[PDB]
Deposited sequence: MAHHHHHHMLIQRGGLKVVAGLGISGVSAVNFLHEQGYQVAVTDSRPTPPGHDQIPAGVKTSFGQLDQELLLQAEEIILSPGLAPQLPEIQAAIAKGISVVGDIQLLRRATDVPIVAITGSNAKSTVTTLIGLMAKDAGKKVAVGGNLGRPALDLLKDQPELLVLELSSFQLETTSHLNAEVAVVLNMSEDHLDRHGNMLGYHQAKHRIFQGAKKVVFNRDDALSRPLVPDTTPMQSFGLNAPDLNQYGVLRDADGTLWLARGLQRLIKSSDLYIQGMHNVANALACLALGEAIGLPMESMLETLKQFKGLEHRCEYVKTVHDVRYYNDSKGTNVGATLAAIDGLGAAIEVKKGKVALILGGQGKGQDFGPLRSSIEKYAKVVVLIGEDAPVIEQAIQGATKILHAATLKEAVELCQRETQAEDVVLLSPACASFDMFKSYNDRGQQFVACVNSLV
């Protein structure tokens, strides 16, 4: 009975929509241009399928189409349905109709994965039953099974294109692609925006509370940074210094901005400041992404195995080096692997400024050495284990050890994930 729901595009997302609508008792059909789409064996037996073609006649029979974010609304089959007046929505719309649970909604670039994870942790630590998903993580509809008290949704612009009246409790854009992302603010109860990104500030009614974060001294009731005369950096709310940047494990100005964004999201949903700061103190970062591993004899060890190129490693050295400079710390840096023909010259100035030793590993250690020599002490290691042990020998309190190799891993490892896992095992075996 009732109108036909047609899911356009299967995959992980489409599977969740087919099963959700079927479970709810809707008449559902699914179509996908691939003859054997991923998920074809994961949907109920009675559901009509039209695979091997995007079935335009079927789509034009629909009362509503659930479009995968992997399929553009501009596809001609979908355009025919839109011209006929058929509702075209996505899985996020289905989720919003199904629950009034408060949503923290996040969109933007790749900075958003750190914020999504951290605000989820802050909420959990504050005692909330939280479910985190969307975009590339858990399918949004699957989060309902948890009966959560709070949803944290990381949303792509593609998901937002088919979402209306999201009515999030709080929403933020972290950087017509701009217009798609700003659909995240439709009906938002509260807004957070980035003072350092003019495009993040939405046009919302004057009645909507707004709070900002940014990497400068904040106005009353906004999030920012404050420096002491000696250079010590504090995360701040208005005139109030909250926590020293050196008391966080995550480091660098991008991570300070991520933390400030999370404090603002948490304040919007009522998380106590005391709980949020304790979460901040403990958060180690995302795996392999200048990830804090452990402190051994007053030296912190950082796994940036994801830094597979010069530009990424330059940012990591600069960020961590500037972050420990006030305390007079220096970086012990592990570099090397497959250099991919890169110019390593751009690392020299930052190594000279912030590093006390570089330990070279891997196939292109010779070409890296030519690019950086004179800038600091250079050692060589035949294994990652030896490199970590040499870094431990060369460091003292307030120094850091950084694996940020500027190189691919495949001469000695299966992937940067393997290399980072092995670095973490090496660090954990230190005595």
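- According to the record, no C-alpha positions are given for deposited positions 1-12, 188-200, numbered from 1.
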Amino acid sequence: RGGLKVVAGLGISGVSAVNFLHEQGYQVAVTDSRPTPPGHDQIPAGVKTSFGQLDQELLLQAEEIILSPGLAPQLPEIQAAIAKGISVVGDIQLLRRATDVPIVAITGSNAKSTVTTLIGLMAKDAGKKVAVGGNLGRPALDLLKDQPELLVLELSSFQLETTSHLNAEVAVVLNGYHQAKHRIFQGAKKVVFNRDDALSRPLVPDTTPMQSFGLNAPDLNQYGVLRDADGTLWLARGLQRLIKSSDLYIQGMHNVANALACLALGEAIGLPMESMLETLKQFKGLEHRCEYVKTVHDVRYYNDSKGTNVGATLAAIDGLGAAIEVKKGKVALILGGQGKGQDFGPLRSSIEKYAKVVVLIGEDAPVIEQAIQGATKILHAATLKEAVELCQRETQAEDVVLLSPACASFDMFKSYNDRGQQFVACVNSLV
From here on, numbers count along this sequence of modelled residues.
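- Averaged over their C-alpha atoms, the temperature factors of 31-39 and 63-71 are higher for 31-39.
- For the pair 318-326 and 83-91, the record assigns the higher mean C-alpha temperature factor to 318-326.
- Per the deposited record, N175 carries the highest C-alpha B-factor of all listed residues (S305, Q222, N175, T99).
- Among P76, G134, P205, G214, the highest C-alpha B-factor recorded in the PDB entry belongs to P205.
- In the deposited entry, the Cα temperature factor of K128 sits in the middle third of values across the chain's modelled residues.
- Placement of the Cα temperature factor of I106 within the chain: lowest third of the modelled residues, per the deposited record.
- For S246, the recorded CA B-factor ranks within the middle third of the chain. Only modelled residues enter the ranking.
- Among the modelled residues of the chain, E274 sits in the middle third by CA temperature factor in this PDB entry.
- In the PDB entry, a CA B factor belonging to the lowest third of its chain's modelled residues is recorded for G336.
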